[PDB]
Amino acid sequence: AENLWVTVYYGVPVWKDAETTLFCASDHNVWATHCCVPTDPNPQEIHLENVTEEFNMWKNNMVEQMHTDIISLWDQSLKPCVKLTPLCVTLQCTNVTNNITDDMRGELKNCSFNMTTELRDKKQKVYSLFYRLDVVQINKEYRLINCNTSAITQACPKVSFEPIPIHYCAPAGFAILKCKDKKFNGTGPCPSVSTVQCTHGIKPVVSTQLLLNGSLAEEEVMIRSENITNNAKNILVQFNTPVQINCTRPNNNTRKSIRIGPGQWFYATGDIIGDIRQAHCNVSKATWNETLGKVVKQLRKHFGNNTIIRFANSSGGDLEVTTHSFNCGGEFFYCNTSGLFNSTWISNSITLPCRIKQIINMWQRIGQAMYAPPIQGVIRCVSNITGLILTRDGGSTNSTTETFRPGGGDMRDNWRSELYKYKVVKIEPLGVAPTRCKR
Amino acid sequence: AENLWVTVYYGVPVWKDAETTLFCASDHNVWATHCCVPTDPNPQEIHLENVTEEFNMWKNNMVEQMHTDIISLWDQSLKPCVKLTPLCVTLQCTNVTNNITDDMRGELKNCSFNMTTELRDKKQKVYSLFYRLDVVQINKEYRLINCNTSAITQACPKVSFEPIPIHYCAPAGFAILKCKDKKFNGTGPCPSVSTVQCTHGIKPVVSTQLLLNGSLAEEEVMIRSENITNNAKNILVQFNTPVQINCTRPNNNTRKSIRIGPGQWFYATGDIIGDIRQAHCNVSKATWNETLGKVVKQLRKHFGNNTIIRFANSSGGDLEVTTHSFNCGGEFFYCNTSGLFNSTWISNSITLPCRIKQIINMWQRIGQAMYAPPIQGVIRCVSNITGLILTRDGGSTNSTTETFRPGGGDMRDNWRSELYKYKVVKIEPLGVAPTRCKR
Amino acid sequence: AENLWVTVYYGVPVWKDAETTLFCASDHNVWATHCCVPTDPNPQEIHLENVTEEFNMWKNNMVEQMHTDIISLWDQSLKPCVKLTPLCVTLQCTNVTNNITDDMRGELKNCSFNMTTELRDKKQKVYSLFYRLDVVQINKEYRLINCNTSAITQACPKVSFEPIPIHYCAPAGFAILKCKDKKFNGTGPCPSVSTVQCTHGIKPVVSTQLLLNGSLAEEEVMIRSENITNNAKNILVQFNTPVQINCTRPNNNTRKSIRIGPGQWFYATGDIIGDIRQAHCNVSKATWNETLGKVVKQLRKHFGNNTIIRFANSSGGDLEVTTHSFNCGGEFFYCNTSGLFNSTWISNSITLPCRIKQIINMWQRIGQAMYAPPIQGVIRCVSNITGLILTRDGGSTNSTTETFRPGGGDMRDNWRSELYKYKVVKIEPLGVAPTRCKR
Amino acid sequence: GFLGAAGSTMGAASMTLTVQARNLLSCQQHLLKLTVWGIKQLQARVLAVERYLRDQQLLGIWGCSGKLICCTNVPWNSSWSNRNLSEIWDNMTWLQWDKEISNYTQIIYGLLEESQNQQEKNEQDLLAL
Amino acid sequence: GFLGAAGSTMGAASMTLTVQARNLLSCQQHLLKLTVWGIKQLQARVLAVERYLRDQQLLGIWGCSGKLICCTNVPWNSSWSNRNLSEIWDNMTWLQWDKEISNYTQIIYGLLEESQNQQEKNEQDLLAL
Amino acid sequence: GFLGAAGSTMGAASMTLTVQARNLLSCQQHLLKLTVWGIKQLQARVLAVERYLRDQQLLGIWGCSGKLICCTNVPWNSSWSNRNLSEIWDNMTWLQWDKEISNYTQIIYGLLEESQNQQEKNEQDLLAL
Ligand SMILES: *[C@@H]1O[C@H](CO)[C@@H](O[C@@H]2O[C@H](CO)[C@@H](O[C@@H]3O[C@H](CO)[C@@H](O)[C@H](O)[C@@H]3O)[C@H](O)[C@H]2NC(C)=O)[C@H](O)[C@H]1NC(C)=O
Ligand SMILES: *[C@@H]1O[C@H](CO)[C@@H](O[C@@H]2O[C@H](CO)[C@@H](O[C@@H]3O[C@H](CO)[C@@H](O)[C@H](O)[C@@H]3O)[C@H](O)[C@H]2NC(C)=O)[C@H](O)[C@H]1NC(C)=O
Ligand SMILES: *[C@@H]1O[C@H](CO)[C@@H](O[C@@H]2O[C@H](CO)[C@@H](O[C@@H]3O[C@H](CO)[C@@H](O)[C@H](O)[C@@H]3O)[C@H](O)[C@H]2NC(C)=O)[C@H](O)[C@H]1NC(C)=O
Ligand SMILES: *[C@@H]1O[C@H](CO[C@@H]2O[C@@H](C)[C@@H](O)[C@@H](O)[C@@H]2O)[C@@H](O[C@@H]2O[C@H](CO)[C@@H](O)[C@H](O)[C@H]2NC(C)=O)[C@H](O)[C@H]1NC(C)=O
Ligand SMILES: *[C@@H]1O[C@H](CO[C@@H]2O[C@@H](C)[C@@H](O)[C@@H](O)[C@@H]2O)[C@@H](O[C@@H]2O[C@H](CO)[C@@H](O)[C@H](O)[C@H]2NC(C)=O)[C@H](O)[C@H]1NC(C)=O
Ligand SMILES: *[C@@H]1O[C@H](CO[C@@H]2O[C@@H](C)[C@@H](O)[C@@H](O)[C@@H]2O)[C@@H](O[C@@H]2O[C@H](CO)[C@@H](O)[C@H](O)[C@H]2NC(C)=O)[C@H](O)[C@H]1NC(C)=O
Ligand SMILES: *[C@@H]1O[C@H](CO)[C@@H](O[C@@H]2O[C@H](CO)[C@@H](O)[C@H](O)[C@H]2NC(C)=O)[C@H](O)[C@H]1NC(C)=O
Ligand SMILES: *[C@@H]1O[C@H](CO)[C@@H](O)[C@H](O)[C@H]1NC(C)=O
Ligand SMILES: *[C@@H]1O[C@H](CO)[C@@H](O)[C@H](O)[C@H]1NC(C)=O
Ligand SMILES: *[C@@H]1O[C@H](CO)[C@@H](O)[C@H](O)[C@H]1NC(C)=O
Ligand SMILES: *[C@@H]1O[C@H](CO)[C@@H](O)[C@H](O)[C@H]1NC(C)=O
Ligand SMILES: *[C@@H]1O[C@H](CO)[C@@H](O)[C@H](O)[C@H]1NC(C)=O
Ligand SMILES: *[C@@H]1O[C@H](CO)[C@@H](O)[C@H](O)[C@H]1NC(C)=O
């Protein structure tokens, strides 16, 4: 009766959820190269009036995409460097005692061994220092820890892994939508959507227990989880103020280069210059014991105004789980965080010792090991704690006192909080509608 | 006079013969991955009325395409596994005698040798069993057979090469045409053409002399050849009924894992549990000596109603030529087929012993060798003999008695019979013709 | 007032300078394969009437493109061949004295050493001859020269690097413009431009000091430079007549193949058959001392009718700088050119001894070395000297006598003179102009 | 302003069709050596081209070519959406509309293809006449 | 039914032009790691696109764009095929026809290109008038 | 004769537009194994396709499709080039002309896009009327 006909339109502003490959883009570092295409210096962020969309940070393929690419890049940049297979020999070791402080006793070992020279038919006696974490006893015979499980390679002493903020950008035909609501918590509709060409800069920082160098929420400390109720799930906490942490490795180190083949050099840790001290991190007591008060108030929102909130130490397991894995300056620290989670909250300078390790299983895989060459001199790091990874045990439904503990994580979780506001969609420009025109 | 003009048409159903790359597609196996794209569960086979085309199975590039890809995939899946270079040492060997049946005497050797441990500076004494085919005498000193010619690697003990039916599918702009006539024999016009998206499933089975697990002709046993007259060419015979063959390796095997480096494991054959017996295959006598009668009748069609047809044994040469190469369960068998070809035909349970080999030159190339890890327990295989590869010598023009022998082949020949009915063409949608219209 | 409208045209013959990837194309050699796509046998060279363009040979990315690709191809063709790491052993060496001419005394060394056999646990005593340039003293103990710096591999004794003329061809949307003026000298407008599909054939010849086997200018000897005035820059001289040079390596060589592993063969230089003589090159005195007269006249054009021109020997530095690097027959010669540049010019058979080297650092990089297998029999080379690479020192502004010396170069310079006439542009087919039509 | 019309009504959004259309089509050694990232960039570029061309082919087949808006002769079925024009062009977005139509997409496309085949045959015959 | 009209006469086959046209344009880590099979899949896809576009460019140049059937002003040469219409449109397939014409393909294409260049110049001049 | 008209005047060069257009769109194991040269050949081919398509999309958006010459309704601004027609079509090449216009290229393209959007809306409304 209406006599309407199908009219075809092309260029219709309609889109559907999609999963594609984002291409990277920055502004001797590995991310200096794998993010060359410069971002626009003035990204074209477009506010969309009257657009509401559903977001889900726990099902975000951008998180998965970053994870795959960080690992893939990592193992490509180290591909051409010298293998340390020849170092997997029987070592003769003793304790380092020369000016070692009492707190470090037995931590370092002085090992001598028979290793080849550049000529196939000649050997040399060399020695180097190792941290005890990487040396396994076989009266003085020791083995490197990776020898019964994996191949060990030397990280290229030229390749930098200092985090670089990187941006993800959409390919043609795609767009990245950003959630700009306030107090968005993981999932559900976000009645404030803006379209961008690229994400903000995100640093590919790797850590456990404490989240470092991210965005500081916006208004208030926020608690997010896939489930909350199910204690098997993690709770991510994002701070609205940084807690500054100062970490150091005080020993003044030197290096020696040992030929292990024709054009193949091994970097060994030499004698420590001066007094030998323990690595550690400083957290301001008066900032931490205030920042947690904000976390506690937000937890009561879900756990009860009259409940008891307790922060306990970490649980059992290996260093990668029970300690704070901290990568800084090029060295790997394993810090003891028990001094940060020791309190009971009711309704009404902190020093963390650290260990240093050189043989690192960078990703939880079997068959590879990375040797981190030592850094000359001393190192000091300054960083922003921007959040927590917490787990929960009990209370709630039984008898008060929910216990929260710092936990480990899946790597992804450290990026999940920054990729949090973004979703990838594809544009579908064709569509039809009834009109009054006929050819 | 006719006042006709050129009219341009696009979308014309015309095509020309073409050679392109087909992409694979199935429904820890290597073909689980290199054929992911699923086929349509209901392929769109279209009968073409009144279409006759020339086919040629001997010039079919689909056969060549499969050959290149089977080899290429083979050497990629085994690329990351451990090399066995360190095993190429002087061995001290003796005969296996403990409960060995008389028929197996001297077949297995017990070899001990000096091999390294995971540490560069330590050695271990180990021993393993080998089949005599892979061990060469240098009074008791032996070498592995590949040492003077090629590098040897261990097949990955996780990668499966069990044949998977795979399908080939045309890329956009191409189509695969199928010959659906009856009794089509290699070359010439086929007045029954159907268009398909993909081929039927073809299993990438590798064998010599006997063709296994293919399609069972349709109506009658068929004999096909590039030439027939020229005895230098092979004759392929496709059966219209399977002959069931049951093969086994009865020895109950075990395995031991030997460290040969940091994260590098070698799989050795350990002691045989219980009685040691000879590998063999069973062919039903009453099926074989009937199936050949059909083959003989079809041969008389080309060789004479009153001639004499004789099936003789294989000729000289190495195992890959003179025996039936059979790959089953992951082990390599070399079976003696003389019991299958021993008869004279005129107008009017069979047991085949087998040998087992572990160092396999999988393709006829120089510089590589594959070590097949042993299978624990025992294996039994059931398969369908679907055809023969035969060669001819004499008779015909001289003085009766054509002799037929099982022959070897070019690998391709085992796929040639399944890719037999398919041809690849490209579509050329533009064309012109005279009409009565002017702009 | 004119009432003109924008009219859009597509297919406009307009272009802009551009840098893209050219694809190669020829007519066991590496360039037999990396230049397969055949050129058109009759290239469509189109003269452009009234077209003048600016060319610059010193900023030509085609030169850079060739350089990157010659190196990239070089290291790919040698990728799969055997490493000679096991040869880096302590050598026991003495002088070769059997029928060695006096001029060659001490040039060759007879070295014996302990090298492994195909079995990991066995050794063999072998010996081979080396040129003294590749052997470094450690009373008789010697090392191969590359052992303290780089990995050494054996050039594949099957891969040919004989120069093949190759052509560069434009990709779709691009064109190569050729400068066809006469007496064009490096930079500036060329009022004679022709469009081609591909360049002429250019042989990828590598040399120092003397330019070999190129195009012989056209009318007169030409001198080209980036600057002329700045003596820090090189001067390239292109001859209008070839000077024929005959080079040889007279010693009758043999070879032996030594197993150094399973399927791994090393090619050693065996005893010299007959008398041992010095390698050398012949330049006709009566051609050289005439060809330079032309060069001198052209130099006076820029340096003064009444100045003094002196040709002096090369300066200090290593062989790759101070000698004529000549690659011929597959062997590497280092020839002494002092006999060619020893004269003072005013207004009014030459024998060059050569050394042979086997361990070659083919490109000026650190960490790789190529071993050139010896050639059996003797070799003789005939080539065309087509130009010079000269440097200048003083005179001009001080007190007469400009001194010219043969110099080294950047590799690129040997191709720069052939890629000299070509420029790459891209076509931009859209444009607009005012017309009198309205829709 | 690429998706700026997303919250606009269907009618108002018809004025930005070129804004969306122009954004549907569009290092050195790092990607060339890292032959594991190049063969992502090529895949991304090839896909963008293929998607663009599939849309152009459908428009061509339906008789709508070189235009952003085309009238066709296929009648609207009230059964695909029993709404009047004042419910569609005003007070509704294109995103909402797609949800209303989705299931009938293939019916409509098939009808558009058939209409053009008939139209082309008629043109050829009329010109010959 | 992609090649279903293959045995049909040239006339009858004109009704399936969209059947053939729609089929001329159109894992994860396995192909990305096996950077020796990826760079077959990319080649296959790139080629399909290039072939499609070459046909579209010729149609565009000849003045036939966005249509499956176009009349042109180039007269038919009886020397290319001295047959009447009842021998061509009836009782003959397109495959047979291609064999009849093959050698004259380039002549016809060259003529179509020239015709369009003249037609476009005339349009520009007529509009200005 | 691909760039044969390069020295011709703008007017004369209008007769070779198909010469230039036809050349803007267009081993085995060596490139497949040398997966460091293949992923140059694919890049070269993909780029040629993308460049071709970007030009075609602009022509489509401006209302100029399937033609080498299109009149548009955007008036010429004397401020972009204050020359008369006898200075432009005669005694001047296209290469020189591009230098004269260059800076105003984006203004002109933006105007052409706007003109077509208005023209399409008017067609839809007129047909409904
Ligand atoms: C390197 O330094 C460490 C740290 O001092 C040395 O470890 C020491 O090892 C001895 C023997 O294993 C431990 O003594 C034993 O303690 C148990 C405790 O009940 C006692 O029952 C035994 O009778 C004996 O005293 C000693 O405590 C331990 N040191 C510490 C702080 O625990 C290590 O041996 C040194 N390695 C060397 C010198 O190679
Ligand atoms: C492992 O078992 C095999 C199988 O028995 C042993 O082979 C045997 O080797 C001996 C010596 O080479 C053969 O004996 C000789 O036979 C010839 C035949 O004419 C005869 O002239 C000689 O005087 C002598 O008797 C013996 O026949 C052969 N066995 C068979 C079945 O052929 C092999 O030596 C055993 N290896 C060991 C114990 O290391
Ligand atoms: C291989 O042949 C070369 C060439 O003859 C041998 O070199 C010779 O080495 C000796 C000792 O180093 C040189 O003699 C010394 O010369 C200096 C010159 O002032 C003199 O002061 C010393 O008292 C002594 O005479 C000898 O000149 C040198 N030959 C030449 C031509 O320079 C080399 O030693 C031979 N290598 C062997 C046999 O291993
Ligand atoms: C081991 O320590 C001694 C003592 O150093 C003191 O204690 C240290 C913990 C730190 O506080 C130093 O600054 C203190 O001076 C070192 O010997 C001293 O070396 C300085 C160097 O100039 C010298 O002036 C002092 O007189 C020295 N004192 C003595 C008793 O010798 C000693 O060198 C250190 N050993 C090593 C290996 O570093
Ligand atoms: C070697 O064989 C003996 C005998 O086994 C018998 O003969 C075999 C061929 C097979 O037919 C077996 O089933 C027969 O029993 C093995 O010794 C026997 O082991 C079984 C195990 O329970 C035992 O009951 C018998 O009494 C044993 N007989 C004797 C004489 O010891 C023997 O273990 C076999 N050796 C190996 C290494 O397996
Ligand atoms: C070393 O040289 C002798 C002498 O050869 C002569 O001088 C040479 C430089 C060259 O000119 C040869 O042609 C000369 O004949 C070689 O011994 C001669 O070998 C030939 C071979 O038939 C023989 O006829 C001569 O009589 C031989 N003369 C003598 C004195 O033996 C000798 O073989 C050469 N050594 C080597 C390792 O080649
Ligand atoms: C194949 O050929 C047969 C005849 O040779 C075609 O069948 C004819 O189709 C016309 C269509 O109207 C009928 O009128 C005739 O009576 C049919 N003939 C017979 C004998 O039945 C058939 O259509 C052809 N196939 C194709 C694809 O054209
Ligand atoms: C090196 O080998 C020799 C061989 O006897 C041994 O004595 C020495 O202790 C070894 N050195 C080390 C540090 O293992
Ligand atoms: C870190 O060092 C800075 C240096 O001035 C200091 O101000 C800050 O308080 C330190 N942080 C902590 C946690 O002590
Ligand atoms: C291992 O080496 C020792 C060294 O003397 C030798 O005696 C022994 O027989 C060797 N063992 C084997 C099995 O080769
Ligand atoms: C193979 O085993 C099955 C098992 O039942 C048997 O029926 C069949 O006859 C056997 N085949 C032969 C050839 O004996
Ligand atoms: C090989 O090794 C033995 C071991 O004593 C030594 O005597 C001999 O001189 C070595 N040979 C060479 C040529 O180095
Ligand atoms: C090179 O050899 C040829 C051979 O005939 C000779 O004619 C020519 O003069 C030689 N060249 C020189 C520079 O002597």
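Everything discussed here concerns the structure shown above.
Every chain's residues are listed with numbers counted from 1 in the order the sequence is written; these need not match the entry, and residues without coordinates are not shown. Both sets of labels track the order of writing: A upward for chains, 1 upward for ligands. Hydrogens and water molecules were not included; the side-chain quantities draw on all heavy atoms of the structure.

Draft legend 1. Region of the structure containing the overall build of chain A. Check the secondary structure of chain A and you find five helices and 32 strands. Over its C-alpha atoms, taken along the principal directions, chain A stretches across nearly 100 × 60 × 35 Å. With 439 residues in all, chain A has 53% of them scored as buried. For every accessible area listed, the method is Shrake-Rupley and the probe measures 1.4 Å; residues are considered covered only by the protein chains on display. As presented, chain A carries roughly 19,500 Å² of accessible surface, and 44% of it is formed by carbon and sulfur atoms. Separation of charge centres in chain A, based on 46 positive and 37 negative side chains, amounts to 4 Å. Secondary structure elements follow DSSP: runs of H or I of four or more residues count as helices, runs of E of two or more count as strands, with numbering from the N terminus. Buried means the residue's accessible area, taken with a 1.4 Å probe over protein chains only, is under 20% of the maximum for its type, while exposed means over 50%, and partly exposed covers the values in between. All tallies of charge rest on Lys and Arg as positive and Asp and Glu as negative; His and the ends of each chain are not included. Throughout, a charge is located at the NZ atom of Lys, the CZ atom of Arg, the CG atom of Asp or the CD atom of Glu.

Draft legend 2. Local environment of the interface of chain E and chain F. On the chain F side, the residues contacting the 24 residues of chain E number 21 residues. Across the chain E to chain F interface the summed buried area is about 2,200 Å²; carbon plus sulfur atoms make up 62%. Considering only the side of chain E, the residues that lose the most area to chain F are E:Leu53, E:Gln57 and E:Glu120, jointly responsible for 24% of the buried surface there. Definition used for salt bridges: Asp or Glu carboxyl oxygen within 4 Å of a side-chain nitrogen of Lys or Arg. A salt bridge links E:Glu50 to F:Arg45; the nearest nitrogen and oxygen atoms lie 2.9 Å apart. Any pair of N or O atoms that falls within 3.5 Å is considered a polar contact. Within protein, one atom must be able to donate a hydrogen and the other to accept it, and sequence-neighbouring residues count only if both atoms are side-chain atoms. For the pair chain E and chain F, the number of links is eight residue pairs in polar contact. Only heavy atoms enter the contact rule, under which two residues are in contact if any of them lie within 4.5 Å. Buried area is a sum: the accessible area each of two parts loses on coming together, probed at 1.4 Å, counted once for each and added.

Draft legend 3. Geometry of helix α5 (residues 94–101) of chain F. Along α5(F), the positions that sit buried rather than exposed are F:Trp94, F:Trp97 and F:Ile101. Within α5(F), the buried residues cover an arc of 50 degrees as seen down the axis, which keeps them to one side. Of the surrounding secondary structure, the elements contacted by the buried residues of α5(F) are β1 (5–10) and β32 (430–435) of chain C together with α4 (85–88) and α6 (105–128) of chain F. Arc definition: directions from the helix axis to the C-beta atoms.

Draft legend 4. Summary view of the site of ligand 12. Residue and element names in this part refer to chain C. Taken together, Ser112, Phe113 and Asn114 form the complete shell of residues around ligand 12. Contacts to ligand 12 include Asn114, whose side-chain N or O atom sits 2.4 Å from an oxygen atom. Out of a free accessible area of 360 Å², ligand 12 has 39% covered by protein chains. Here a residue is considered near a molecule or strand provided that any single heavy atom belonging to it is located within 4 Å of it.

Draft legend 5. Summary view of the relation of the copies chain E and chain F. Each copy is placed on the others by a least-squares superposition of C-alpha atoms. In the superposition of chain E on chain F (RMSD 0.0 Å, axial shift 0.0 Å), the rotation amounts to 120 degrees. Taken together, the rotation and translation describe the operation of a three-fold axis. Among all residues of chain E, the one whose C-alpha sits closest to the rotation axis is E:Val46, at a distance of 4.1 Å.

Draft legend 6. A look at the pairing of strand β26 (residues 350–357) of chain B. Residue and element names in this part refer to chain B. The pairing criterion for strands is at least two bridges between them, as found by DSSP. Relative to β26, strand β21 (residues 279–283) is paired through five bridges, and the arrangement is antiparallel. Within β26, the position partnered with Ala279 by the bridge is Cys354. Two elements, strand β24 (residues 331–335) and β26, share four bridges in a ladder whose sense is antiparallel. Following the sheet pairing, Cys335 is matched in β26 by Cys354.

Draft legend 7. Representation of empty space enclosed by the protein in the model. Estimated volume of the largest cavity: approximately 900 Å³. Using only the protein atoms, space was sampled on a 1 Å grid; points where a 1.4 Å probe fits but cannot get out form cavities, open sets with protein on both sides within 12 Å along at least five of seven lines form pockets, and lining residues are those with an atom within 4 Å of a point. Looking at the largest cavity, it is lined by 44 residues, and the ones nearest its centre are D:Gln56, D:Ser65, E:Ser65, F:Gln56 and F:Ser65. Elements with a contribution of two residues or more to the lining of the largest cavity: α3 (38–61) of chain D, α3 (38–61) of chain E together with α3 (38–61) of chain F. Across the lining of the largest cavity, the residue classes tally to 24 nonpolar, 15 polar and five charged. Its volume calculated, the second largest cavity comes out at about 90 Å³. Sorting the residues of the lining of the second largest cavity by element identifies α3 of chain D, α3 of chain E together with α3 of chain F as the ones contributing at least two each. Amino acids are sorted into nonpolar (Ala, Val, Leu, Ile, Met, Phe, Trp, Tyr, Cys and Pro), charged (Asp, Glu, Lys and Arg) and polar (every other residue, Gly among them). Among the residues making up the lining of the second largest cavity, the classes are represented as six nonpolar, three polar and no charged. Grid points are joined across faces, edges and corners, and a volume is the space filled by probe spheres set on the points.

Draft legend 8. Up close: the side chain of F:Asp55. As for its placement among the helices and strands, F:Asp55 is situated in helix α3. The contact partners of F:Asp55, leaving out residues within four places of it in the chain, are C:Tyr10, C:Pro429 and C:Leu430.

Draft legend 9. Spotlight on the sheet that holds strand β27 (residues 359–360) of chain A. Residues and elements named next belong to chain A. Taken in spatial order, the three strands of this open sheet run β11-β28-β27, and their pairing is mixed. At either margin of the open sheet sits one strand with a lone partner, and together these are β11 (151–154) and β27. Two elements, β27 and strand β28 (residues 368–371), share two bridges in a ladder whose sense is antiparallel. From the neighbouring strand, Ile359 faces β28, where its bridge partner is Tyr371.

Draft legend 10. Region of interest: the pairing of strand β19 (residues 255–261) of chain C. Residues and elements named next belong to chain C. Bridge count for β19 against strand β20 (residues 264–269) is six bridges, and the pairing is antiparallel. Each bridged residue has a counterpart across the sheet, and for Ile258 the counterpart in β20 is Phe266. The turn joining β19 and β20, which pair antiparallel and follow one another in sequence, is formed by two residues; a positive phi near 85 degrees is taken by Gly263.

Draft legend 11. Region of interest: the packing of α3(D) against α3(F). Packing of α3(D) against α3(F) brings their axes to within 11 Å, and their N-to-C directions diverge by 30 degrees. On the basis of the axis angle, α3(D) is roughly parallel to α3(F). When you trace α3(D) past α3(F), the crossing you get is left-handed. Residues D:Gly38, D:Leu42, D:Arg45, D:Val46, D:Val49, D:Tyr52 and D:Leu53 of α3(D) form the contact with α3(F), whose participating residues are F:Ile39, F:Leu42, F:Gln43, F:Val46, F:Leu47, F:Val49, F:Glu50, F:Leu53 and F:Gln57. Class assignment for the residues of the contact of α3(D) with α3(F) results in eleven nonpolar, three polar and two charged. Here, axes are lines fitted to C-alpha atoms. For helices the fit covers the stretch in contact, and angles between N-to-C directions go from 0 to 180 degrees. By definition in this entry, angles of less than 35 degrees are roughly parallel, angles greater than 145 are roughly antiparallel, angles of 65 to 115 are roughly perpendicular, and the rest are oblique. Two helices that cross are described as forming a left-handed crossing if the nearer one is turned anticlockwise from the farther one by less than a right angle, and a right-handed crossing if clockwise.

Draft legend 12. Structural detail: the environment of F:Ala13. Position of F:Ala13 relative to the elements: it lies in the segment before α1 (17–21). A relative accessible area of 0% means that F:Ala13 is categorised as buried. Between the alpha carbons of F:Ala13 and F:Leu3 there is a distance of 9.9 Å; along the sequence they are ten residues apart. If sequence neighbours within four positions are ignored, F:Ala13 has contacts with C:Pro13, F:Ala5, F:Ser8 and F:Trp94.

Draft legend 13. Focus on the site of ligand 7. For ligand 7, the full set of nearby residues is B:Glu49, B:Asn50, E:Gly7 and E:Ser8. Ligand 7 sits at the junction of chains B and E, each of which supplies nearby residues. Here an oxygen atom of ligand 7 and a side-chain polar atom of B:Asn50 are 2.4 Å apart. Between ligand 7 and E:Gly7, the relevant distance is 3.2 Å, taken from an oxygen atom to a main-chain nitrogen or oxygen of the residue.

Draft legend 14. Quick look at the sheet that holds strand β7 (residues 108–116) of chain C. Residue and element names in this part refer to chain C. Spatial ordering of the open sheet is given by β8-β7-β6-β10-β9, a layout of five strands whose pairing is antiparallel. The open sheet has two edge strands with one neighbour each: β8 (123–131) and β9 (135–137). Going from strand to strand, the sheet's axes swing by 40 degrees on average, the running direction of each strand aside.

Draft legend 15. Summary view of the packing of aromatic side chains. The criterion for an aromatic pair is that two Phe, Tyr or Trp rings (for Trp, the six-membered ring) have centres within 6.5 Å, with stacked assigned to planes under 30 degrees apart, edge-to-face to planes over 60 apart and tilted to the rest. All chains considered together, the criterion is met by 54 aromatic pairs over all chains. Both rings, one in C:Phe239 and one in C:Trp288, keep their centres 6.5 Å apart while their planes meet at 75 degrees; by these two values the pair is edge-to-face. Here C:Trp288 lies in helix α3 (residues 285–303) and C:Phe239 lies in strand β18 (residues 235–253), a separation of 49 residues in the sequence. Residue C:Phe239 is classed as buried on the basis of its relative accessible area, which comes to 0%. An aromatic cluster of at least three residues, connected via ring pairs, comprises A:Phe239, A:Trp288, A:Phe303, A:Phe311, A:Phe341 and A:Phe404. A ring has a charge above it when a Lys NZ or an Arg CZ is no more than 6 Å from the ring centre and no more than 35 degrees off the ring normal. The ring centre of B:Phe174 lies 5.8 Å from the NZ or CZ of E:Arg51, which sits over that ring.

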